[PDB]
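Using ideal geometry, Cβ is built from the backbone for each residue, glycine included, and neighbour counts are taken over all protein chains shown. Just so it is clear, none of the values below were taken in a lab; they were calculated from the coordinates.
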Amino acid sequence: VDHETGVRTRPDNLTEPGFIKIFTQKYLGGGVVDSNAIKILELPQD
Amino acid sequence: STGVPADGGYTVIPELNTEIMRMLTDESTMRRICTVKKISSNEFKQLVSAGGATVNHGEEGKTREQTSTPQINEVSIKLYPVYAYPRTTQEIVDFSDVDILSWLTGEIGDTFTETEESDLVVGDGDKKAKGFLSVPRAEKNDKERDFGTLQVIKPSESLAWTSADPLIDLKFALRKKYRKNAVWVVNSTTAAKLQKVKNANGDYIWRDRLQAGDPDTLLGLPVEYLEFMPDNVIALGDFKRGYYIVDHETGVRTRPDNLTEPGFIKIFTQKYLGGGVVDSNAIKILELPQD
Amino acid sequence: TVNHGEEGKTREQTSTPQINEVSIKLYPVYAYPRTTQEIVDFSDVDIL
């Protein structure tokens, strides 16, 4: 799941002067919908 | 009358001169006497050839022997952030006729000139411009002395403030190469002490030998005074060659930073100042005992 | 003032410079000589 805005990069160069804090943000989400569609296999690792 | 506020006294408004008088303004003598190299880097490397190139004065019919290849020295002048971060209230910046933004930028630029005359002279070099005085000194001639160190003359208190001998020594410690376009660098208090030197007889040595149109000189060379020098310390040299003031290519960069804390606008106006001794043979230092 | 900040150091607050007021008040400097109209009329050197 993504947001309509997506990746947004705001280069805050004011709050801490002498610095650019490049605040890059992306709203990300993930969920297992219909778990019957996915299967897992843990190897014995010897 | 205007004396009584009620009797037409409130009508008279005081005409505030919209150009604030910046008391501490001065044309930066450092930036004029020394060269200014706008650069885009943290460190500026000027190559300063020490010398050592020789000739053997060959004869007609003699094998031409190898001559010594001249040497080069590195002067690593690193730029550092000299800044001021005043937090003016947004109230004044709005409620004003004298423009506080421009006035404060001018005041901080004058402060930058003052701290240039401080760092480029006395500045130890701890994350700032290394002044020529903070540069280690050595009482040796140009041939014997190590590069990156300035020739310092340290006479006794007897002939220091009694005669012109220390200053003549300082003048001719420089080579003609530098004395052509040399300049003196004295503190105002040290300058006053110099103008007061009187020999055993009592007459002044420097007998104010100037005309009205003459700039203040000393032993036939101009004297650009620096106020941040320590007491009883003198310098002299071709500071165009002798010292490099390495400013960054951006220069003064005044972002007002209005969003960090609303109700306050915080002019940052940081600059990147660097400074270093270049041609350590082009500057001479004269230490005089404290009276 | 400036604090001569380093590479990787928080930039501390510097003192904001001060301003002073010089209130120069204007006052009437005058002279009120009472010349006779006689001289002002009877003259070649312009008395006014």
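Measuring from centroid to centroid over Cα atoms, what is the spacing of the range B:110-184 and the range B:258-286 in Å?
After rounding, the separation between the Cα centres reads 22 Å.
Output the relative contact order of the range B:192-291, whole-number percent, from Cα pairs under 8 angstrom with separation of 6+ residues.
Numbers: 116 pairs, mean separation 26.4, N = 100.
Relative contact order of the range B:192-291: 26 percent.
Normalised by the number of residues in the range B:1-128, what is the relative contact order in percent for Cα pairs under 8 Å and 6+ residues apart?
Working: 104 pairs, mean separation 37.6, N = 128.
The value is 29 percent.
Viscosity 0.890 mPa s, temperature 25 °C: Stokes-Einstein D of chain A from its Kirkwood Cα radius, in µm² per second? Could the numbers behind the result be given before it?
Details: Rh = 14.8 Å.
Answer from the Stokes-Einstein relation: 166 µm²/s.
Stokes-Einstein diffusion coefficient for the range B:116-192 at 37 °C in a medium of 0.692 mPa s, Rh from the Kirkwood formula over Cα pairs: what value in µm²/s?
Values: Rh = 14.1 Å.
It comes out at roughly 232 µm²/s.
Mind checking B:84-93 for the average number of partner chain beta-carbons within 10 Å of each residue's beta-carbon? Before the final figure, lay out the partial values.
Numbers: counts 9, 10, 6, 3, 1, 1, 0, 0, 0, 0.
Mean shielding by partner chains, rounded to a whole number: 3.
Using DSSP to call loops (not H, G, I, E or B), can you name the chymotrypsin sites (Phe, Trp or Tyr not before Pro) in the range B:24-96 whose Cβ has at most 11 other Cβ atoms within 10 angstrom?
Counting only loop positions with at most 11 other Cβ atoms within 10 Å, the chymotrypsin sites (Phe, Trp or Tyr not before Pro) in the range B:24-96 are B:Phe95.
Suppose every K and R has +1 on its Cβ and every D and E has -1 on its Cβ; what is the size of the dipole of the range B:1-88 about the Cα centre, in Debye to the nearest 20?
Charge dipole, the range B:1-88, about its Cα centre: 380 debye, nearest 20.
Report the net charge of residues surrounding A:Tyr27, where surrounding means a beta-carbon distance below 11 angstrom and charges are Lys +1, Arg +1, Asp -1, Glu -1.
Surrounding charge for A:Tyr27 is 0.
Taking the Cα centre of the range B:170-291 as origin and charging only Cβ (+1 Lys, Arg; -1 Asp, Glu), how large is the dipole, in debye to the nearest 20?
580 debye
Antiparallel as a % of all DSSP beta bridges within the protein assembly as shown, to the nearest 5?
80 percent
Evaluate peptide C:18-24: per residue, the Cβ atoms of other protein chains within 10 Å of its Cβ; return the mean as an integer.
3
Once the dipole of the protein assembly as shown is set up with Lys and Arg at +1 and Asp and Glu at -1 on Cβ about the Cα centre, which of B:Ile100, B:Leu150, C:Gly8 lies farthest towards its positive end?
Farthest towards the positive end: B:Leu150.
How much net charge surrounds B:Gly263 when only the other residues with a Cβ under 15 Å from the Cβ of B:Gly263 are counted, with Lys and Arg +1 and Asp and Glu -1?
Every neighbour counted, the sum reads -2.
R0 = 25 Å: FRET efficiency of C:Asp46 with C:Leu26, Cβ-based, nearest 0.05?
In this case the efficiency is close to 0.25.
How do B:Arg87, B:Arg207 rank when sorted from fewest to most other Cβ atoms within 10 Å of their own Cβ? Intermediate results must be reported in sequence, preceding the final value.
Working: B:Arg87 15, B:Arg207 8.
So the residues, fewest neighbours to most, are B:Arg207, B:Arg87.
Average the reciprocal distances over every distinct pair of alpha-carbons in chain B, invert the result, and give the Kirkwood radius in Å. Can you show the working numbers first?
On the way: mean 1/r = 0.0447 Å⁻¹.
Taking the inverse mean of 1/r over all distinct Cα pairs, chain B comes out at 22.4 Å.
Among B:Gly125, B:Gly109, B:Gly52, pick out the residue whose Cα is farthest towards the positive end of the charge dipole of the range B:1-157, where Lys and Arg carry +1 and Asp and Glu carry -1 on C-beta, about the Cα centre.
Farthest towards the positive end: B:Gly52.
Note down the net charge around B:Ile100, summing +1 for each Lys or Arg and -1 for each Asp or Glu among other residues with Cβ under 13 Å from its Cβ.
Residues near B:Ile100 contribute -3 overall.
What does the average come to when, for each residue of peptide B:266-278, you count the partner chain Cβ atoms lying within 10 Å of its Cβ?
Neighbouring Cβ atoms belonging to other protein chains average 2 per residue here.
Report relative contact order for chain B in percent, whole number only (criteria: Cα-Cα under 8 Å, sequence separation at least 6).
Details: 575 pairs, mean separation 77.8, N = 291.
Once divided by the residue count of chain B, the mean separation gives 27 percent.
Would you work out the charge dipole size for the protein assembly as shown about its Cα centre, treating the Cβ of every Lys and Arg as +1 and the Cβ of every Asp and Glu as -1, and quote it to the nearest 20 debye?
Computed about the Cα centre, the dipole is about 1720 debye.
Run the simple label-point estimate for C:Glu38 and B:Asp126 please: 7 Å along Cα→C-beta, distance reported in nm.
With each label point 7 Å from Cα toward Cβ, the separation is 8.8 nm.
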